[PDB]
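> Give the three-dimensional model of this entry:
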Amino acid sequence: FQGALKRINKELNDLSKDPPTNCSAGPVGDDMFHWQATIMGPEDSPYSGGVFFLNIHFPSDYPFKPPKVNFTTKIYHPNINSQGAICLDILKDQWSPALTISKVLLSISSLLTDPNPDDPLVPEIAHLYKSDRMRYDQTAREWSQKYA
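Numbers count the residues shown, from 1 in each chain. Take a look:
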C-alpha cells in the first residue's frame, strides 16, 4: 500500500500527542513498519506492576490488514501463547482501517484485566481460569514477578 508509511506516521504522532494509558510504542531503528511497545500490567489484575514488552510489525498493506502484535515478555494468560501471539478480536475479524495502534494497545490492556477464556490460545490456562480462578490468578502474579 503506497500510503501505509504516511498512516504509520500519522499514528506515531498521535501516540505521541495523546498516548494510551499504561502504554507506549514507537518505531525501532530506521524501519518504520517495526514498532515495539511497553504495557504496564493493569492494577485491577494479577499483572499489576508487571512491565510487558511487545513487538509490532505493520504489514505492507496497512491499514487494510491489522498489525501483527506479539508479546516478547512471557505471560500467563489464556489468550496469549508461548510465541507471544494474542487472540484479540480487533487483531482478527473485527479489524477496520479506522482503528489505530493506540486502540489496539488499549484492547490488549483490557484483555489483561478481562481474559476471554472461551476463545483461548492456551486450553489449560483457559480451563483453570474458569474452574479455579485464584490458581490462575496466583500463577499470573508469579509469572508477572519472574518474567515481567
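
> going forward, measure contacts between C-alpha atoms and count neighbours the same way
OK.

> Not counting its neighbours along the chain, what's nearest residue 130?
What sits nearest to residue 130 in space, not counting adjacent residues and going by CA to CA, 6 or more residues apart in numbering, is residue 117, at 7.0 Å.

> Pretty sure the one you found sits in a helix.
No - in this structure, residue 117 is coil, not part of a helix, as judged by DSSP: H, G, I helix; E, B strand; the rest coil.

> From residue 131, how far out is it?
Between residue 117 and residue 131 the computed distance is 11 Å (CA to CA, to the nearest Å).

> neighbour count winner among those two?
A direct count of neighbours by other CA atoms under 10 Å for residue 117 and residue 131 places residue 117 higher, at 18 against 11.

> From what I see, the more buried one and residue 78 are in contact.
Yes - counting by CA atoms under 8 Å, residue 78 is a contact partner of residue 117 at 6.0 Å.

> quick one: common contacting residues for those two?
126, 129 (CA atoms under 8 Å, 6 or more residues apart in numbering).

> ok, now how distant is the spatially most central residue of the chain from residue 60?
Nearest to the mean C-alpha position of the chain, by CA atoms, centre = their mean, lies residue 108 at 4.1 Å. Here the criterion is CA to CA. By it, residue 108 lies 23 Å from residue 60.

> Check residue 133 too.
Distance from residue 133 to residue 60, by CA to CA: 40 Å.

> Check residue 130 too.
39 Å.

> tally of neighbours for residue 67?
By the measure other CA under 10 Å, the count of residues near residue 67 is 24.

> State the helix or strand in which the closest residue to residue 65 other than its chain neighbours lies.
Once flanking residues are discounted, residue 65 sits nearest to residue 59: 6.6 Å by CA to CA, 6+ apart. Residue 59 is part of no helix or strand when elements are defined by DSSP states H and E.

> list the contacts for residue 59?
33, 65-68.

> Strands of the chain, residue ranges please.
Along the chain, counting by DSSP state E, strands occupy 23-27, 34-40, 51-57, 68-71.

> Show me what the first one pairs with in its sheet, parallel or antiparallel.
Same thing as strand 23-27. strand 34-40 (antiparallel) (DSSP bridges).
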